[PDB]
2 protein chains.
Amino acid sequence: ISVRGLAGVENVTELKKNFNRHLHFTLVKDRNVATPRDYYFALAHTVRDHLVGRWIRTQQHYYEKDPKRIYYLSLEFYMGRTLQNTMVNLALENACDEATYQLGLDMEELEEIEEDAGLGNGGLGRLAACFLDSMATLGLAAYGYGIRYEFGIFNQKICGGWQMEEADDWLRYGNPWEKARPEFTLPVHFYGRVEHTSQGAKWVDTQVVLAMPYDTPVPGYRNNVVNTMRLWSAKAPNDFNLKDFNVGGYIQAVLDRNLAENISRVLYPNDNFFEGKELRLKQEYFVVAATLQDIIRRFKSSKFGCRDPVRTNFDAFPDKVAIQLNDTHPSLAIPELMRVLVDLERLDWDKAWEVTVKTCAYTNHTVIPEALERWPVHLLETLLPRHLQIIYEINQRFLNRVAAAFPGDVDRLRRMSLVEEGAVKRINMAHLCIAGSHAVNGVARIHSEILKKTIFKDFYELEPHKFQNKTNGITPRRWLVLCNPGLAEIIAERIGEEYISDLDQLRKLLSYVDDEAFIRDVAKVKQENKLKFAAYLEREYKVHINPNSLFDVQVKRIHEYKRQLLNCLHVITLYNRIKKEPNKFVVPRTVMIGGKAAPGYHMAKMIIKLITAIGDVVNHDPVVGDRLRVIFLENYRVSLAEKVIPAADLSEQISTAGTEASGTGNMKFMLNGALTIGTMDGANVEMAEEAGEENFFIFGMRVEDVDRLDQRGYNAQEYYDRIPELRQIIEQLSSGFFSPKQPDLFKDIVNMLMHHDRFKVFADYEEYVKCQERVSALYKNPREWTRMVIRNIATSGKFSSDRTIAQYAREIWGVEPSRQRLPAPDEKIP
Amino acid sequence: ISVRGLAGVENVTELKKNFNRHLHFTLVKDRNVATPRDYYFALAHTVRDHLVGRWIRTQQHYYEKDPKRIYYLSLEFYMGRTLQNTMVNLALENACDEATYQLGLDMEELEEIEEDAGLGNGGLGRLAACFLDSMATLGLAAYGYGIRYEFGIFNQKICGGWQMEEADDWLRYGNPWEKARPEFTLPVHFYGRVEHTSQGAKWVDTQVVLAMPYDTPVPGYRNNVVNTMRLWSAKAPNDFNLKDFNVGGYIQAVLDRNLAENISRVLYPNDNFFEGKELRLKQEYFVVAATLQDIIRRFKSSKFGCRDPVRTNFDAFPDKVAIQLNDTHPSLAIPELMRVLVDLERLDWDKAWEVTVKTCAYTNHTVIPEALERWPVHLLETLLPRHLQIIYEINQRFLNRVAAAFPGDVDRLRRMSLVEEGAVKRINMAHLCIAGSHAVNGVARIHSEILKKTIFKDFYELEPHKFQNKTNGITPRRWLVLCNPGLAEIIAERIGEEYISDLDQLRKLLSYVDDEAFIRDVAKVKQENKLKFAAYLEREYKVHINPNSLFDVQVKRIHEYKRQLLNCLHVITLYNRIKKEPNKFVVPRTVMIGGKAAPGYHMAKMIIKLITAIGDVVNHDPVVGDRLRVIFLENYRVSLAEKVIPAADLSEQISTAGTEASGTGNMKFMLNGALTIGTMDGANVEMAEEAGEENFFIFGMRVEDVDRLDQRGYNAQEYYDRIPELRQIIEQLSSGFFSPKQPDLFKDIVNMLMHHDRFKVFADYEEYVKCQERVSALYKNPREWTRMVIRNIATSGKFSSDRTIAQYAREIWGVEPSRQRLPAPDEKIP
Ligand SMILES: *Cc1c(COP(=O)(O)O)cnc(C)c1O
Ligand SMILES: *Cc1c(COP(=O)(O)O)cnc(C)c1O
Ligand SMILES: O=P(O)(O)OC[C@H]1O[C@H](O)C[C@@H](O)[C@@H]1O
Ligand SMILES: O=P(O)(O)OC[C@H]1O[C@H](O)C[C@@H](O)[C@@H]1O
């Protein structure tokens with residue numbers, strides 16, 4: 001059937017009775033009333049049963065051996081569905097497929113019922129999920145720590161061409177994967193004040209919110225390692241949240257509990273944009289405060305909570321603990337770790353600081369200013385009084401270091417401060433992270449260099465040793481084996497199965513680049529994938545596409561820097577050329593654009609309306625026929641990504657050079673048989689460098705050209721003046737060609753493009769359509785297109801998150817990865 | 001070990017492996033980290049496994065045979081713990097005891113970990129729980145319908161002698177008994193307006209709240225019948241509760257969902273007191289609206305949703321459905337049933353009314369005016385516009401009936417109206433229930449008569465056939481076998497086990513009233529029970545009592561009508577007499593008073609403070625020694641009741657004649673070997689009538705005397721003037737003898753007692769202490785005390801809820817009870 005494992009005789013039988021056990025005992029139903037949803041839960045519980053045995057022994061193991069623990073703090077974990085992925089990593093897919101078949105059910109149909117765990121916005125949240133899978137696969141004693149939001153990223157609905165947001169109640173029917181652990185509930189403090197008494201400061205008169213943990217298993221790939229992802233839930237204490245007496249109402253007091261619990265209710269839907277709301281800041285401290293207590297508790301036990309030197313010496317803390325900051329969101333971990341060590345454990349400042357800097361590491365994800373976390377001091381002052389005091393003290397000592405290193409450089413002092421003066425004083429969280437971490441890293445080589453040359457130049461000059469680079473990557477398991485079994489199978493037919501946990505081996509496919517059978521096969525799976533997607537489209541969304549056309553897709557969050565607008569300009573150009581010479585042949589294309597816009601991002605929502613507007617015109621023009629279709633992929637999410645990427649021919653990674661830190665969707669497309677048209681931005685550079693620029697469609701300005709243009713001054717009018725095709729499009733938008741009933745509907749877009757384009761869209765237009773012509777030319781030659789595809793796939797190995805993690809492990813965390821199978825799952829009950 | 005069933009070889013082994021299965025697979029723990037709480041859950045899941053098989057077949061059965069269904073609507077279901085009760089009804093107690101023993105655990109210790117299901121206030125809520133058990137035991141196709149509050153009755157804490165309320169988060173660790181059924185979620189409407197168009201009225205522009213059901217199994221006693229208790233939870237739709245667009249905030253919109261969901265958040269802690277809050281009215285419509293849709297859906301299927309006459313003829317509705325109203329709380333079921341039949345199903349008014357009256361029945365629980373539900377019309381007008389219109393129309397037609405029956409009786413017309421004029425117009429819910437129900441019943445013979453003679457006299461004259469009586473009762477399973485296995489065993493040694501489901505057979509114990517061994521045994525179990533309670537007291541609450549003293553206990557909600565105050569006056573009297581003649585012998589007593597006061601009931605909370613105040617003085621007076629102890633039983637609830645009642649010698653049921661409708665605690669004490677000192681009120685009359693007034697300690701005014709006194713005019717000063725002992729007590733309270741630091745602390749109590757005593761406490765004082773002397777005299781003669789106890793126990797059979805239900809079944813519901821074992825639980829999987 002494929003290498004989805006063995007469909008053993010004993011195990012298919014075992015699976016079936018357990019499926020029935022759960023349907024009866026767990027779901028309390030009987031075959032005559034069970035619905036596809038009940039069937040999905042019976043299977044889910046059956047699959048979950050197979051990894052609890054391994055989960056327990058993996059955790060017990062770490063307790064016995066006591067290795068260095070890796071804590072990955074992130075406010076986002078974009079997990080997606082977990083049924084299939086678990087089957088894959090446990091080599092249970094074929095057996096389950098067989099068993100459910102014999103039970104007379106379609107597994108694929110049941111998989112579609114599982115709700116996505118959308119606890120993320122985009123890149124940052126998905127990176128964290130890929131990292132978790134890789135860390136488990138490399139046998140690291142790693143824990144994912146975050147917030148269990150009851151409402152993840154909103155579900156997007158397109159009404160009248162506009163985006164409509166609606167609550168993502170992903171827990172409505174329950175989550176069979178998580179395991180509530182009320183018994184490990186911890187208290188977290190807010191507000192209050194600071195008392196300076198005799199021997200130390202005291203954080204007093206605080207409001208308490210409880211943090212209840214929920215554990216979700218993270219199985220490695222076929223090695224029997226099952227790590228833990230612990231998500232915190234907010235819970236109100238029963239006392240003061242009732243006991244602070246003297247009139248108010250008993251009923252009201254109970255109803256008001258949903259005020260402390262609102263902390264974990266919803267994820268902020270902002271991608272690469274900072275919103276200084278109090279609720280956000282509370283979420284950030286909540287995950288940090290709770291997580292640290294858990295970290296120290298585990299440390300206090302270790303082998304020190306037995307003997308060792310005997311005296312809670314936190315000198316070994318950094319040797320046993322490593323906490324990674326996914327961006328600046330969990331940055332309060334730095335002052336919080338100090339608060340505990342100094343205030344509670346009573347270590348002297350300097351010893352505490354040494355421990356802190358040595359166990360923390362920060363990962364930066366973007367260079368755009370509006371994405372930078374700068375919290376107003378009045379907010380920190382009110383909510384976390386003691387932490388503000390600690391930050392000021394950290395700032396005081398750090399600046400003194402700078403003054404001593406650069407005597408008389410007074411501007412450098414204000415530039416590097418963690419405290420920013422002005423309208424309102426703010427705390428620069430990124431500066432806090434650099435100072436309290438022993439390693440700071442970019443997510444792609446060019447991004448890492450830009451940090452050193454630009455944004456954090458002063459910091460780099462101060463401590464050059466801190467700055468590193470760790471190019472992102474994706475997990476080959478979910479992003480290849482799981483979403484594209486067809487491609488995975490043909491690859492395995494030639495080079496084996498070891499590449500799933502050793503992607504570098506894909507290089508061996510280079511020697512089949514002229515193989516006639518392989519070329520035919522690679523081309524065949526892509527065709528089958530396109531056919532399956534085209535079908536899904538009519539199935540779930542309804543209104544036909546042509547599977548023979550080139551599948552041009554751009555899927556990612558809607559941003560001005562991602563330039564979905566530049567994609568739009570090309571689409572309109574194609575249309576206009578067809579309308580000019582109707583009876584001329586052009587390569588057919590289905591351009592698919594999908595993504596979510598943050599609710600308050602007006603421009604982004606205006607762009608979604610433009611895309612659908614273009615589609616309304618283009619898709620109903622009889623002269624165009626089936627040569628050009630414009631489709632807006634609704635509710636883009638992980639599960640939707642697993643469907644479109646395998647069916648894509650052209651991947652669009654066209655951000656303005658220097659704005660996309662790395663990107664990961666790009667890598668997803670490369671490994672799945674799509675060719676890339678993009679700019680020399682983020683990881684695109686390392687991808688073209690790995691595949692050879694000849695096998696990539698690079699166009700536009702490089703970083704240097706962008707900067708030259710800024711010195712000069714960017715004037716969009718010039719481009720409008722010298723390019724008639726560009727002019728024609730802008731006047732079409734301005735006159736209502738795309739919005740008849742509301743002719744001035746797109747005035748904001750035109751106004752912006754002509755007068756305040758921060759991402760110089762017009763500047764890359766000419767080179768962009770010229771380059772698009774080149775891809776169309778190559779698509780006309782199937783054999784050569786496929787051969788170039790083989791060159792990309794065979795060369796994408798460097799982009800596996802296993803490689804990224806192995807580097808973090810060795811160069812930051814100080815641990816050694818291991819592909820050693822944990823001693824089976826085998827029963828056992830001590 | 002006792003007759004807690006057989007401890008079979010095959011079944012004790014089977015239990016143990018399943019206990020381990022769950023500990024591993026369900027709890028995801030391993031013996032080395034499992035805590036008593038984990039052990040309790042493994043056992044709970046193991047026990048729950050044994051009744052799912054029976055649950056499924058019982059329900060499937062009713063679907064096949066299609067008998068008349070009984071729907072018990074109640075806003076309260078005071079369930080308590082369910083582990084032991086399930087073991088008892090499934091004859092699993094000994095096997096579980098054995099198995100857990102072999103696993104090296106104490107079952108009793110694990111039982112104590114289960115949280116009470118406190119979804120009730122007192123009598124009314126517990127009656128509903130006893131009824132559910134009896135209905136299952138008598139094999140009736142009955143369903144309990146209510147609200148799944150996430151916060152039940154508050155947990156009471158005594159601080160400084162004052163009651164402190166704190167949230168009852170009974171779901172914190174989860175509920176292994178319930179089964180969420182998200183797939184049967186229903187929509188419920190609120191607000192909106194009424195549109196009168198061409199063919200009928202339309203309820204329009206309504207706010208929608210979803211009702212999600214949770215099913216809990218209700219096993220009958222050893223007959224393999226497992227009925228269902230369905231509790232509704234409020235859930236916000238994802239749409240409008242987000243989709244009603246045009247600024248407000250996306251985050252805020254999501255946070256605001258906890259506004260529609262506040263409907264099922266907390267139970268109103270009012271016992272026999274009406275609070276006209278909107279939230280309450282919403283809870284009342286919510287349970288009614290959701291439940292009815294479920295009832296009709298099941299009816300539409302029946303055997304009509306196949307064939308029968310063919311044409312949704314609701315003429316057979318009353319033949320297939322019976323809905324019982326537990327008080328007036330679910331009274332909106334009457335107009336709601338009409339709304340559906342008329343507005344949605346389009347039946348003519350008269351046909352709809354006929355169906356409605358014929359399927360509904362109302363149970364009244366009290367005669368005090370402040371407990372009566374009179375909803376302001378402006379509230380119904382805003383929240384349920386169409387229902388108000390229907391009520392007015394029902395009122396119009398009913399009054400016309402009255403006018404036609406009593407021509408010219410204009411006062412009778414205003415007196416009987418469902419609408420009350422005055423300050424604000426209100427809707428008398430009790431009048432609504434009488435008019436739209438075919439049967440109205442009291443809960444005790446005297447209460448039932450009072451309804452006919454007083455409160456509902458006019459209604460009785462109009463339709464004498466509606467009014468009935470159904471004396472309350474309690475379940476012998478939880479209230480004897482479960483809480484007092486020792487007494488149950490010795491009874492079974494003589495007369496067998498058939499009495500557990502046929503309590504009348506207790507009469508056979510009358511022939512052992514002179515049996516020397518029995519007298520010794522009955523006396524022995526009571527001593528063992530007292531010893532176990534005295535221990536529990538020091539264990540969990542700490543500060544000694546003497547097990548040889550008479551255990552004088554009064555446990556029920558704190559009310560002015562229950563007269564805990566009269567109990568207090570006696571306690572102080574005892575104290576004062578001892579202080580007068582210290583070296584005189586008096587029978588030792590431990591008087592225990594326990595109960596919860598509604599948060600806003602100032603007097604009730606003042607009484608709790610008085611009780612603890614008396615204890616502070618009495619319990620620390622060296623001259624008193626161990627002869628007199630005053631203890632306030634904290635957090636009285638079902639689980640606490642199962643501990644004190646079996647250990648009681650004297651039961652206090654001293655309400656003012658004519659105020660306690662029936663009472664049920666009284667019956668609990670009678671069946672458990674306690675003698676009763678009380679007034680001729682509620683069921684007390686039927687109890688003394690059953691045991692013989694000679695075996696009861698009756699004192700005080702009868703109803704007639706109370707009324708004579710009211711004609712005359714009650715003057716408390718008279719009693720104060722003629723009774724020196726009474727005078728001495730009042731002046732002690734007034735001068736601070738019981739409150740040194742705050743001498744005027746109890747001025748409200750004294751003021752009330754002397755000037756506004758609605759329950760004439762002083763009037764029953766003399767006869768009360770005189771009578772208390774008589775019980776002390778009899779306690780001095782162990783043999784005779786025990787013999788009188790045997791007379792009460794042997795004669796309590798009439799007070800089993802099986803008898804009550806059998807009567808409801810035959811005289812109201814029109815169904816026949818059956819003690820037929822359902823065809824085993826046996827596997828099966830169709
Ligand atoms: C991989 C992924 C992303 C990131 O895409 P980029 O093109 O790097 O912005 C965003 N959303 C989802 C659903 C993803 O799977
Ligand atoms: C039986 C019971 C009641 C009712 O007691 P009465 O004396 O009839 O008021 C109240 N609360 C609990 C805990 C009960 O078990
Ligand atoms: O003790 P910590 O590491 O917090 O948690 C360890 C626990 O993790 C998971 O919930 C699985 C469970 O078997 C294990 O006992
Ligand atoms: O169809 P209704 O009567 O609503 O519910 C019937 C269901 O009740 C319970 O949840 C047990 C389950 O086995 C049964 O199928």
Side-chain angles (χ1 to χ4, degrees), chain A residues 52 55-60 62-63 69 78 80 116 118 120-127 129-130 143 153 179 181 184 213 215-217 226 228 230 271-272 294 297-298 301 472 474 478-479 554-557 559 562 594-596 636-642 645 651-653 655 660-669 682-683, chain B residues 24 27-30 32-33 78 80 116 118 120-127 129-130 153 271-272 472 474 478-479 554-557 559 562 594-596 636-642 645 651-653 655 660-669 682-683:
Chain A
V52 281
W55 198 6
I56 281 161
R57 20 200 326 143
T58 298
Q59 291 318 304
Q60 175 51 278
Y62 298 161
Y63 274 119
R69 260 90 157 184
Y78 217 165
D116 268 50
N121 273 284
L124 175 151
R126 218 311 131 177
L127 187 77
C130 281
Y143 307 75
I153 185 64
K179 180 71 229 273
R181 295 284 202 223
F184 272 102
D215 294 346
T216 291
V226 182
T228 302
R230 175 161 284 176
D271 187 90
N272 276 284
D294 229 29
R297 165 184 63 72
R298 226 178 251 122
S301 298
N472 284 173
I474 48 146
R478 172 182 304 268
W479 298 116
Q554 182 175 204
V555 287
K556 64 243 273 102
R557 291 291 299 257
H559 260 285
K562 312 258 211 203
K596 267 161 202 196
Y636 178 61
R637 48 195 196 294
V638 174
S639 65
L640 181 43
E642 297 171 353
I645 301 181
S651 166
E652 301 260 9
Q653 316 291 330
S655 47
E660 188 75 271
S662 167
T664 36
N666 45 186
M667 312 169 172
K668 285 162 217 186
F669 280 97
Chain B
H24 192 72
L27 267 20
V28 192
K29 291 260 176 133
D30 125 283
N32 298 279
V33 263
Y78 217 165
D116 268 50
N121 273 284
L124 175 151
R126 218 311 131 177
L127 187 77
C130 281
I153 185 64
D271 187 90
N272 276 284
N472 284 173
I474 48 146
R478 172 182 304 268
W479 298 116
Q554 182 175 204
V555 287
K556 64 243 273 102
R557 291 291 299 257
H559 260 285
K562 312 258 211 203
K596 267 161 202 196
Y636 178 61
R637 48 195 196 294
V638 174
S639 65
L640 181 43
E642 297 171 353
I645 301 181
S651 166
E652 301 260 9
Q653 316 291 330
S655 47
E660 188 75 271
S662 167
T664 36
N666 45 186
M667 312 169 172
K668 285 162 217 186
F669 280 97

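In the text below, chain A, chain B and the rest are named by the order of the sequence lines, each starting its count at 1. Indexing begins at 1, ligand by ligand and atom by atom, following the structure's order.
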Protein heavy-atom partner closest to atom 7 (O) of ligand 2 - residue, atom, separation in Å: B/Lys556 NZ, 2.8 Å
Identify, by atom number and element, the atoms of ligand 2 in contact range of B/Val638, meaning under 4.0 Å from any of its heavy atoms. 13 (C)
Under 4.0 Å from a heavy atom of B/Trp479: which atoms of ligand 2 are those, numbered in the order shown and with their elements? 15 (O)
Within 45 degrees of the axis of the six-membered ring of A/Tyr143 and under 6.0 Å from its centre: does A/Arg298 put its NZ or CZ there? yes
Nearest protein heavy atom with distance in Å, relative to atom 11 (N) of ligand 2: B/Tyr636 CE2, 3.7 Å
Sub-3.5 Å N/O-N/O distance, A/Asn121 and ligand 1: no
So the atoms of ligand 2 within less than 4.0 Å of a heavy atom of B/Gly663 turn out to be 8 (O)
Judged by modelled atom types alone, do A/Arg230 and A/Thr228 share a side-chain donor-acceptor pair under 3.5 Å? no
Identify all pairs of nitrogen or oxygen atoms, one from ligand 3 and one from the protein, separated by less than 3.5 Å, and list them with distances.
{"unit_1": "ligand 3", "atom_1": "1 (O)", "unit_2": "A/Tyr63", "atom_2": "OH", "d": "2.4"}
{"unit_1": "ligand 3", "atom_1": "3 (O)", "unit_2": "A/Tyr63", "atom_2": "OH", "d": "2.4"}
{"unit_1": "ligand 3", "atom_1": "3 (O)", "unit_2": "A/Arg298", "atom_2": "NE", "d": "3.1"}
{"unit_1": "ligand 3", "atom_1": "3 (O)", "unit_2": "A/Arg298", "atom_2": "NH2", "d": "3.3"}
{"unit_1": "ligand 3", "atom_1": "4 (O)", "unit_2": "A/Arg230", "atom_2": "NH1", "d": "3.4"}
{"unit_1": "ligand 3", "atom_1": "4 (O)", "unit_2": "A/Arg297", "atom_2": "NH2", "d": "3.0"}
{"unit_1": "ligand 3", "atom_1": "4 (O)", "unit_2": "A/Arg298", "atom_2": "NH2", "d": "3.0"}
{"unit_1": "ligand 3", "atom_1": "10 (O)", "unit_2": "A/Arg181", "atom_2": "NE", "d": "3.1"}
{"unit_1": "ligand 3", "atom_1": "10 (O)", "unit_2": "A/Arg181", "atom_2": "NH2", "d": "2.8"}
{"unit_1": "ligand 3", "atom_1": "10 (O)", "unit_2": "A/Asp215", "atom_2": "OD2", "d": "2.8"}

For the 3.5 Å polar cut-off, considering only N or O atoms, please tell me whether B/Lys668 and ligand 2 meet it. yes
B/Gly118 backbone acceptor or donor facing B/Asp116 side chain under 3.5 Å: no
Keeping A/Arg557 on the side-chain end and A/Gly595 on the backbone end, is there a donor-acceptor pair under 3.5 Å? no
Looking only at protein heavy atoms, identify the closest one to atom 5 (O) of ligand 2 and say how far it is in Å. B/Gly665 N, 3.9 Å
For ligand 2, the portion of B/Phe669 having any non-hydrogen atom under 4.0 Å away: neither
B/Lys556 and B/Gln653: side chain donor to acceptor below 3.5 Å: yes
N/O of A/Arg637 under 3.5 Å from N/O of ligand 1, yes or no? no
Option of least heavy-atom distance to atom 9 (O) of ligand 2 (set: B/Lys562, B/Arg557, B/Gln653): B/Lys562
